[PDB]
J.: 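Supplied in structure tokens, the structure appears directly below.
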Amino acid sequence: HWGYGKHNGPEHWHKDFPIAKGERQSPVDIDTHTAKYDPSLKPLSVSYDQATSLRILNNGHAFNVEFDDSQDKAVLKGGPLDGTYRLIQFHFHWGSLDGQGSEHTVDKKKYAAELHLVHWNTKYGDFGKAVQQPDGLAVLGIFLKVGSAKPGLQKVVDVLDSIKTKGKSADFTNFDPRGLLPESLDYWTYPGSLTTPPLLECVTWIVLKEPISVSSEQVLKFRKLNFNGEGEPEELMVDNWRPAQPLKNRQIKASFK
Ligand SMILES: Cc1cc(C)cc(NC(=O)NCCS(=O)(=O)Nc2ccc(S(N)(=O)=O)cc2)c1
Ligand SMILES: [Zn+2]
């Protein structure tokens with residue numbers, strides 16, 4: 001099945017998932033000098049005060065911090081969005097080297113990693129229905145650069161030893177995702193897709209302009225995870241990013257000048 005290796009990586013995905021060559025695939029390069037300020041865009045509303053994290057899972061492709069999405073507890077609204085979108089999980093994509101790892105790029109610049117806070121439109125009732133809709137998901141993407149440590153990230157880092165291999169999960173309650181945000185909520189937005197199979201074209205992407213900084217030690221701990229299951233040959237979970245896809249008939253809008 002699919003992965004990020006030479007034989008099962010992004011250039012192969014179209015064979016099982018022909019939408020990989022579709023009209024609204026993600027990620028994309030964000031050309032800052034072609035993105036246009038849209039004054040009708042509204043400030044994002046990130047309401048994470050009542051967030052309930054439950055568990056962290058290594059799924060063989062990344063690790064996901066999962067939340068209770070059976071109530072409006074951690075929601076994203078505003079910006080380009082109509083309606084309320086509930087946080088279901090967050091995860092990251094990262095590199096083997098500090099100069100690569102993000103999915104989106106900015107004027108072709110790759111960041112060391114990229115955080116995806118995944119939310120689904122409550123008008124569709126559940127996440128499985130939402131992924132079948134063109135406005136089903138809103139993913140908030142945040143770039144990571146290597147510099148000073150991000151204190152908000154350390155409790156994620158310190159549980160990774162307990163989920164080294166595919167299929168391992170650990171309790172992960174009371175985690176505050178607000179500690180992963182940068183200061184500014186200025187953003188770019190465009191219509192796209194999931195960046196992994198099944199690559200469904202169901203995402204309003206909201207990518208923050210301001211990266212967060214994490215330490216070299218923090219990202220090194222991401223790179224000690226494994227794509228394989230326990231007792232299978234060890235393959236480090238690194239370079240789990242899809243490269244930029246053609247923008248096609250899309251415009252990227254900026255919330256700022
Ligand atoms: C059963 C249960 C319960 C709860 C709370 C959470 C979860 N976790 C969950 O549903 N995760 C979504 C993983 S996926 O849909 O299968 N594919 C997906 C692909 C790429 C992106 S990306 N990289 O475009 O952001 C985002 C998602 C599951
Ligand atoms: Zn992602």
Side-chain angles (χ1 to χ4, degrees), residues 44-78 84-94 101-103 111-120 122 126-127 130 137-185 187 194-196 203 206-208 210-226 237 240-241:
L44 289 174
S45 175
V46 178
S47 296
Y48 286 175
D49 51 286
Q50 296 292 127
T52 295
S53 66
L54 294 174
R55 191 174 79 110
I56 189 170
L57 172 67
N58 178 334
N59 60 25
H61 304 293
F63 62 86
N64 293 351
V65 173
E66 301 167 351
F67 288 81
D68 173 13
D69 67 347
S70 68
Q71 275 175 313
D72 288 346
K73 288 180 175 180
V75 298
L76 182 65
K77 305 176 57 200
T84 300
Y85 290 65
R86 289 191 191 156
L87 177 65
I88 182 169
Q89 46 115 336
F90 72 78
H91 61 272
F92 305 78
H93 303 265
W94 64 90
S102 65
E103 289 194 326
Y111 288 87
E114 178 172 344
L115 166 60
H116 289 162
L117 292 143
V118 180
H119 307 78
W120 58 272
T122 61
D126 73 34
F127 178 79
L137 275 37
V139 183
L140 180 62
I142 299 175
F143 298 115
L144 278 65
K145 64 183 178 180
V146 173
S148 65
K150 189 67 168 174
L153 181 61
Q154 191 57 42
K155 285 141 294 305
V156 173
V157 169
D158 282 337
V159 73
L160 296 181
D161 285 343
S162 65
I163 59 161
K164 184 177 178 180
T165 51
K166 177 177 61 64
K168 290 187 175 298
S169 64
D171 291 338
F172 195 75
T173 54
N174 302 114
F175 179 80
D176 183 0
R178 290 171 297 183
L180 297 177
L181 302 176
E183 296 183 356
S184 179
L185 297 177
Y187 63 87
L194 302 177
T195 66
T196 66
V203 179
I206 298 169
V207 178
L208 298 186
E210 182 177 1
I212 61 167
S213 64
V214 302
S215 65
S216 59
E217 291 86 2
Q218 287 178 325
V219 69
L220 287 170
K221 291 180 179 179
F222 293 186
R223 296 176 186 151
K224 291 182 176 179
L225 288 166
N226 281 188
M237 181 178 285
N240 61 346
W241 51 275

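Values reported hereafter were calculated over all heavy atoms of this structure, with side chains retained and with hydrogens, waters and symmetry mates removed. The residues of the chain are indexed from 1 along the displayed sequence.
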J.: Grab the two heavy atoms, one from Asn226 and one from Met237, that are nearest each other, plus how far apart they are.
T.: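 Taking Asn226 first and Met237 second, the nearest heavy atoms are O-CE, 3.5 Å.
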
J.: Backbone N or O of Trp94 within a donor-acceptor pair of the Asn240 side chain at under 3.5 Å?
T.: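 Such a contact is found between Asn240 side chain and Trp94 backbone.
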
J.: If I take atom OG from residue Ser47 and atom CG from residue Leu87, how far apart are they, to the nearest 0.5 angstrom?
T.: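 One gets 11.5 Å once the value is rounded to the nearest 0.5 Å.
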
J.: If you define the side chain from C-beta out and look only at heavy atoms, does anything of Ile142 sit under 4.5 Å from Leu180?
T.: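 The answer is no; the side chains never approach within 4.5 Å.
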
J.: Drop me the distance from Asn59's CG to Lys168's NZ, to the nearest 0.5 angstrom.
T.: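 Nearest 0.5 Å value for the CG-NZ distance: 14.5 Å.
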
J.: Is the backbone of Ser184 close enough, under 3.5 Å, to the side chain of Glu210 for a donor and an acceptor to pair up by distance?
T.: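 Yes.
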
J.: Could I get the full list of side-chain hydrogen bond (donor to acceptor under 3.5 Å, both in side chains) partners for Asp176, not counting sequence neighbours?
T.: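 With neighbours one apart ignored, the set is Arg178.
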
J.: Measure the spacing between CG of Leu153 and OG of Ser215 and express it to the nearest 0.5 Å.
T.: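 One gets 8.0 Å once the value is rounded to the nearest 0.5 Å.
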
J.: If you look at every heavy atom in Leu225 and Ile163, which pair is closest and at what distance?
T.: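 Shortest heavy-atom contact: CD2-O, 3.6 Å.
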
J.: Determine yes or no for a side-chain-to-main-chain donor-acceptor pair under 3.5 angstrom, with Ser53 supplying the side chain and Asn174 the backbone.
T.: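 Indeed, once roles are kept as given, a pair shorter than 3.5 Å links the two residues.
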
J.: Which atom pair, heavy atoms only, marks the closest approach of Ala149 to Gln218?
T.: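 Distance-wise, the nearest heavy atoms are CA-OE1, 3.5 Å.
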
J.: Angle class for the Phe92/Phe63 ring planes (parallel below 30°, perpendicular above 60°, tilted otherwise)?
T.: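 Geometry flag for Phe63 against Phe92: tilted rings.
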
J.: Could you walk me through whether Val139 and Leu194 pass the side chain to side chain contact (heavy atoms under 4.5 Å, CB included) check?
T.: CA-CA 9 Å; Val139 183; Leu194 302 177; 5.7 Å; no

J.: side-chain hydrogen bond (donor to acceptor under 3.5 Å, both in side chains) with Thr195: which residues, sequence neighbours excluded?
T.: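 In terms of side-chain hydrogen bond (donor to acceptor under 3.5 Å, both in side chains), with neighbours along the sequence ignored, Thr195 is linked to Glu103.
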
J.: Got a second to check how far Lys221's NZ is from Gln154's CD, nearest 0.5 Å?
T.: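 Output value for this atom pair is 6.0 Å.
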
J.: Just by modelled atom types, is the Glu66 backbone N or O under 3.5 Å from a matching donor or acceptor in the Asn64 side chain?
T.: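 No, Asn64 side chain to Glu66 backbone: no donor-acceptor pair under 3.5 Å.
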
J.: Could you tell me if the side chain of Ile212 sits less than 4.5 Å from the side chain of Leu181, heavy atoms only?
T.: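 They are not in contact (no side-chain heavy atoms under 4.5 Å apart), so the answer is no.
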
J.: Quick one: NZ on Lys145 to OG on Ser102, what's the gap to the nearest 0.5 Å?
T.: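 That separation rounds to 13.0 Å.
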
J.: Return the minimal non-hydrogen interatomic distance between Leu44 and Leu140, and the atom names on each side.
T.: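 Taking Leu44 first and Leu140 second, the nearest heavy atoms are CD1-CD1, 4.1 Å.
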
J.: Taking all non-hydrogen atoms of both residues into account, name the closest pair between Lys155 and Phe172 and its distance.
T.: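 For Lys155 and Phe172, the tightest heavy-atom pair comes out as O-CE1, 3.4 Å.
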
J.: Determine yes or no for a side-chain-to-main-chain donor-acceptor pair under 3.5 angstrom, with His119 supplying the side chain and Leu117 the backbone.
T.: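 Yes, because the side chain of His119 sits within donor-acceptor range (under 3.5 Å) of the backbone of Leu117.
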
J.: Can you confirm whether or not the ring centre of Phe67 sits under 6.0 Å from the ring centre of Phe175?
T.: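 Between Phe67 and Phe175, the centre distance exceeds or equals 6.0 Å.
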
J.: Are the side chains of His91 and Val118 in contact, using a 4.5 Å heavy-atom criterion?
T.: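 Answer yes - side chains close enough.
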
J.: Output, in order, the C-alpha distance, side-chain angles, deciding distance and verdict of side chain to side chain contact (heavy atoms under 4.5 Å, CB included) for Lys224 and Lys164.
T.: CA-CA 8 Å; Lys224 291 182 176 179; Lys164 184 177 178 180; 6.0 Å; no

J.: Which side-chain N or O atoms in residues 69-78 pair as donor and acceptor under 3.5 Å with protein atoms at least two apart or in another chain?
T.:
{"from": "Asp69", "atom 1": "OD2", "to": "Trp120", "atom 2": "NE1", "distance (Å)": "2.7"}
{"from": "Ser70", "atom 1": "OG", "to": "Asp68", "atom 2": "OD1", "distance (Å)": "2.7"}
{"from": "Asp72", "atom 1": "OD1", "to": "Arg86", "atom 2": "NE", "distance (Å)": "2.5"}
{"from": "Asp72", "atom 1": "OD1", "to": "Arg86", "atom 2": "NH2", "distance (Å)": "2.9"}
{"from": "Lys73", "atom 1": "NZ", "to": "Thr52", "atom 2": "OG1", "distance (Å)": "3.1"}
{"from": "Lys73", "atom 1": "NZ", "to": "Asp68", "atom 2": "OD2", "distance (Å)": "2.8"}

J.: Closest heavy-atom contact between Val146 and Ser216?
T.: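 Here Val146 and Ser216 meet closest at CG1-N, 3.7 Å.
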
